[PDB]
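Structure first, then comments.
Cβ: placed from backbone, ideal geometry, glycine included. Neighbour counts: every protein chain shown. Computed from the coordinates by the stated procedures, all read-outs in this text should not be read as laboratory data.
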Amino acid sequence: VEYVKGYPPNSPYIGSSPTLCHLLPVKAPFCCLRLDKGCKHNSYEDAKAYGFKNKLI
Amino acid sequence: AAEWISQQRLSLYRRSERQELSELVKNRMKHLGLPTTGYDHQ
Ligand SMILES: [Zn+2]
């Protein structure tokens, strides 16, 4: 999918440097960020199920 | 669009701290749901 080009809206602290970043078109829900337990949107539970094209970090 | 955000970089980099702080509270009021108006020195 396309990644929109823009600054991150919520900077966690004051003075955080604004940087042009790759961004999802819609902010992912907090349940979609977690890996071990899936959510209603995606039922994957590990990086094998997600099937990332690139190597992880 | 690469020619459009080239000035967004130049504007967001030169904003004063008073503008950065003002942009922080207003954004939070937007997130918590309070009206952004009414926010607007010793
Ligand atoms: Zn989810």
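Quick rundown of the values:
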{"quantity": "DSSP-loop chymotrypsin sites (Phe, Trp or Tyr not before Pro) across chain A, with at most 15 other Cβ within 10 angstrom", "calculated": "A:3, A:13, A:44, A:52"}
{"quantity": "Free-standing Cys residues across chain A, given no other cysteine C-beta under 4.7 angstrom", "calculated": "A:21, A:32"}
{"quantity": "Relative contact order (%) - chain A, alpha-carbon pairs under 8 angstrom, separation at least six", "calculated": "23"}
{"quantity": "Over the protein assembly as shown: Kirkwood hydrodynamic radius from C-alpha pairwise inverse distances, Å", "calculated": "16.9"}
{"quantity": "Fewest-first ranking of A:1, B:25, using other Cβ atoms within 10 Å as the exposure measure", "calculated": "A:1, B:25"}
{"quantity": "Coarse-grained scattering of chain B at q = 0.20 Å⁻¹, given as base-10 log I(q)/I(0) from a Debye sum over alpha-carbon atoms", "calculated": "-0.76"}
{"quantity": "Values of log10 I(q)/I(0), in the order q = 0.15, 0.16, 0.29 Å⁻¹, for chain A under a Debye, Cα-only, solvent-free model", "calculated": "-0.63, -0.70, -1.16"}
{"quantity": "DSSP-assigned coil residues among trypsin sites (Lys or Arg not before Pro) in chain A, each with at most 13 further Cβ atoms within 10 Å", "calculated": "A:27, A:34, A:37, A:40, A:53, A:55"}
